[PDB]
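Atoms within a ligand are numbered from 1 in the order they appear, just like the ligands themselves. Naming: A, B, ... by sequence-line order, numbering from 1 per chain. Basis for what follows: all heavy atoms, side chains included, without hydrogens, waters or symmetry-related copies.
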4 protein chains.
Amino acid sequence: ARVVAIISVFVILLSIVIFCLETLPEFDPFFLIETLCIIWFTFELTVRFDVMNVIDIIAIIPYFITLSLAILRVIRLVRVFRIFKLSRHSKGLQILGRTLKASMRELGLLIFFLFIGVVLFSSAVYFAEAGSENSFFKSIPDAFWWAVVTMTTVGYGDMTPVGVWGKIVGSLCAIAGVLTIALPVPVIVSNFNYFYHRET
Amino acid sequence: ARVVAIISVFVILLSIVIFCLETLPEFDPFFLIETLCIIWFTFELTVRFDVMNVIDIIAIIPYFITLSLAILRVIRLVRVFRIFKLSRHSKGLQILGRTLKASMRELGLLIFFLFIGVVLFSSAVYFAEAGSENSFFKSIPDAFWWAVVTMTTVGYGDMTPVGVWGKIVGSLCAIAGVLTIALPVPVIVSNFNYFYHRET
Amino acid sequence: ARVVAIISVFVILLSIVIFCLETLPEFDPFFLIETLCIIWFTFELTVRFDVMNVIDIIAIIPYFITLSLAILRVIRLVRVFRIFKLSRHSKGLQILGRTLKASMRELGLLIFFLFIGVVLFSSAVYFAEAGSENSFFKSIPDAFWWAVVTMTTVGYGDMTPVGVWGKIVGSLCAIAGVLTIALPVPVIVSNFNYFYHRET
Amino acid sequence: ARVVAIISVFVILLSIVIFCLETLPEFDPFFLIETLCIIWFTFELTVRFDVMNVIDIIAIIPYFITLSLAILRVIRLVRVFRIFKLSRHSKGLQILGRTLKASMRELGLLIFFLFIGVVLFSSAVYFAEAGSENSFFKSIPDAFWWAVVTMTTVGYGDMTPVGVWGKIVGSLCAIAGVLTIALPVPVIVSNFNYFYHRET
Ligand SMILES: [K+]
Ligand SMILES: [K+]
C-alpha cells in the first residue's frame with residue numbers, strides 16, 4: 001500500500017518531468033513514457049471507480065483526445081493538471097485547497113480591489129502621459145500590465161520615457177497597491193493557518 | 001428591485017468598458033452607448049433625489065460639460081469615477097471606504113514617512129553620485145522616483161551606471177523602505193478586518 | 001504659541017524645498033532664503049538654549065561652516081538633516097524615533113542576517129557564473145548589490161547573461177531574502193504599534 | 001575568556017574579508033593571512049576536541065584539500081562556510097538555526113507550493129506565447145526563472161516581447177505568488193519570535 005503510494009508519486013513526478021522536457025528544444029521515448037504514465041493513471045482511476053476524482057479524470061482526457069491550433073495548445077496546456085494529482089498524496093496541498101475553498105469571498109475581494117486599482121491607475125497614467133509626444137502608453141488597456149506589476153510590486157522595468165505626472169501616478173500606484181494587496185491577504189493566511197494546525 | 005440592481009451593475013460595467021475601449025487606437029457607437037449609460041445614470045440620480053450621491057453626481061458632470069487641452073484631459077480623466085458607482089452595490093468597496101475613513105491618521109503617517117525617506121535617500125544618492133562624471137541623477141528631484149520605487153520594492157530597473165556609494169545608499173534605501181511601508185500598514189489592515197467581520 | 005509653531009513648520013518645509021530646488025539644473029534668491037531660514041533656526045535655537053537639540057545644532061553647522069571636494073559634498077549632504085527638525089512638531093516621527101531606539105537589537109539582527117545572506121549568495125552566484133566566459137559578476141563584491149536587491153525583492157533588472165546555476169542560486173536568494181526580511185520586522189512593527197497606541 | 005572570543009570573531013571576520021577580496025580582480029599576503037586564520041581555526045578546533053563542531057570541521061577541510069575545475073570551484077565555494085562560524089558567538093544566528101530546524105515542514109511546504117506554482121505558470125506562459133513568432137520563452141524550463149521572480153515579486157525585467165495572454169498569465173502569476181509566499185511564512189515568523197523571546 002505504501003509501496004503503491006510511492007509508485008504513484010514517482011509516476012506523477014515522472015509525467016511532470018516528461019511534460020517539461022518534451023517542451024525543450026533538444027527534443028517515441030517520450031511518448032512511450034507518456035503512455036505508460038497514462039496507463040498507470042487510468043488503471044488507478046478504474047480501480048478507484050469529489051474534486052480529486054475530477055482531477056484524475058482530467059489527467060487522461062488530453063492523452064485520449066490526441067488519439068485550429070488554438071484548441072490543440074489548450075489541451076496540450078491542460079496536460080499540466082497532472083501536477084494536481086499530487087494533492088491525493090500531499091496533505092499541505094489539500095490544506096491549500098480547503099483554504100482556497102474557504103476564502104472565496106476574500107479572493108474575490110482581492111481580485112475586485114486589483115481590478116479597480118488597475119483601471120484607476122491605468123486611466124490616470126494614460127491621461128498623464130497622453131499630453132506629450134511619443135507617449136509611453138497607447139491606450140488605457142496598454143497600461144493594464146504596468147498597473148498590475150506596479151501594484152503587486154513586481155516592477156515594470158524601464159520607466160524612463162515617462163514624465164513627472166506619470167511618475168507621480170506611479171508613486172501613488174505603488175503605495176495603493178501595497179495597501180490593497182495587504183488588506184484581503186491576512187484573512188486567507190489566517191484560514192490557511194487554521195486548517196494547517198487543525199490537521200496537525 | 002433586484003433586476004434593477006443587476007441592470008445598474010451591467011450599465012456601470014458597460015460604461016467602464018466603453019471608457020477603456022474608446023481609448024484604444026483602433027477606435028457614434030461609443031457616443032451613443034455613452035449617452036445611454038449617462039441617461040440611465042441621470043435617471044437613477046433624479047429618482048434618488050453622503051459620498052455615494054456625490055459620486056453619482058460626478059459620474060455625469062463630465063458628459064454634461066462636454067456638451068486649453070489640460071482641462072479637457074482632466075475632465076476626460078474624471079470620467080473614470082464611474083468605477084466608484086460600484087460602491088453602492090459592492091459591500092467590500094463600502095468596507096474599504098469605511099477603512100480608509102477610519103485610518104486617515106495612519107495613511108497620513110505612511111505618506112509622511114515615505115516623504116521623509118524619499119527626500120533623505122534622494123539627497124544621499126544624488127550626493128553620492130554627483131562626485132563622478134555622467135552622473136545618473138541630475139538633481140535631488142531627479143532621484144525622487146528612484147527612491148519611491150526602491151522603498152516600495154517595486155524596483156527601478158537598470159542601476160548599472162551607479163557607483164559603490166550609490167549602491168550602498170540604495171541598499172540602505174531598500175531596507176528602510178521595507179521597514180517604513182511595514183509600520184503603518186498593519187493598523188490599516190486591522191481596521192479593514194474589523195469592518196469586514198463586523199459586516200459579515 | 002501655535003502661530004510660532006506653524007511658522008516653524010513652514011520655515012522647515014521652505015528650507016527643504018530650497019535644498020531640493022538648488023540642486024536643480026535650472027538654478028542669491030536661494031542663498032537669501034537659506035540665510036533667512038538659518039537666522040530663524042538659530043534664533044529658535046538660542047531661545048531654547050536630548051536628540052532634538054542635537055538636530056537643531058546640526059541644522060545650522062553646515063551653513064556656518066560654508067562661511068578636497070569630498071568634505072564639501074559631505075557637509076552639503078548633512079544639510080539634509082533639516083528634515084528631522086519636523087520631529088519636534090510631528091508626533092508620529094517621535095513615535096518612530098522611540099521605536100527605532102527600542103528595537104535596536106532587532107535592527108542589528110536584520111542587518112546581520114542580510115549581511116550573512118548577501119555574502120553567502122554573492123559567493124554562490126559568483127562561483128556559479130565564474131565557470132563560463134564573459135561572466136556576469138567580476139568578483140564576490142560585484143554581486144553584493146545583486147544579492148541585496150534580490151533578497152529585498154527590489155529586483156536587479158536584466159539577468160539574461162546568467163546561466164542555469166546562477167538562476168538556481170537566484171531563486172534560492174529570492175526565497176531566503178523573503179524569509180530573512182520577514183523575521184525581524186514583526187518585532188519592530190509591534191514596537192511601533194505599542195508606542196503609537198500608547199501615545200493615542 | 002572574553003578576549004579569546006573577540007579574537008575569534010575578529011579572525012572569522014578577517015577570513016570572510018580575505019575570501020571576498022581575493023575574488024577581486026585587482027588581486028602570498030592573502031595566502032599567509034589565510035593560513036594564519038586556518039591555524040587559529042584548527043587550534044581552536046583541536047582544543048575543543050553537534051552542528052557547530054561540523055561547521056568548525058568544514059571551515060578547514062578546503063584549506064587542507066588544496067594542499068576537473070568543477071570540484072575546484074565547489075571546494076572554493078564551500079570555503080564560504082566560515083561565515084557560519086559566527087553562530088557560536090552570535091545568539092541571533094543560533095535562534096535562526098533553531099527556527100529553521102523547528103519549521104522544516106513549513107519550509108518544505110513553501111518550496112512545494114513554489115514548485116507547483118512555477119510549473120503551472122511556466123507551462124501557462126509558454127503555451128500562451130508559443131502561438132506567435134519569435135516566442136519569448138523557448139521551453140517550459142525557459143520560463144522557470146520568470147515564474148520564480150514573478151511569484152516572489154523580485155521582478156523579471158523587460159516583458160515587452162510578451163503578448164496579451166502572456167500578460168494575463170503574468171498577472172495571475174503575480175497574485176498567486178503573493179498568496180503562496182504569504183501562506184507558510186507567518187508560521188516560520190512565529191517560531192522565530194518564540195525562540196527569540198524565549199532566549200531574551
Ligand atoms: K517587490
Ligand atoms: K521588484
Quiz item: Between O of A:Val154 and O of C:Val154, what angle is found at the K ion (ligand 2), rounded to 10 degrees?
Solution: 130°
Quiz item: Once you round to the nearest 0.5 Å, how far does CG of D:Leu100 lie from CD1 of D:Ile95?
Solution: 12.0 Å
Quiz item: Closest approach of D:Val119 and A:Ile83, non-hydrogen atoms and distance?
Solution: CB-CD1, 3.7 Å
Quiz item: D:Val162 and D:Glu129: which non-hydrogen atoms are nearest, and at how many Å?
Solution: CA-OE1, 3.4 Å
Quiz item: Are B:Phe137 and B:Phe144 an aromatic pair by the rule of ring centers under 6.0 Å?
Solution: no
Quiz item: Does any N, O or S atom of B:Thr152, backbone or side chain, fall under 3.4 Å from the K ion (ligand 1)?
Solution: no
Quiz item: At the K ion (ligand 1), what angle lies between atom OG1 of C:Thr153 and atom OG1 of D:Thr153, rounded to 10 degrees?
Solution: 80°
Self-check item: Heteroatom test (N, O or S) for C:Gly155 near the K ion (ligand 2), limit 3.4 Å
Solution: no
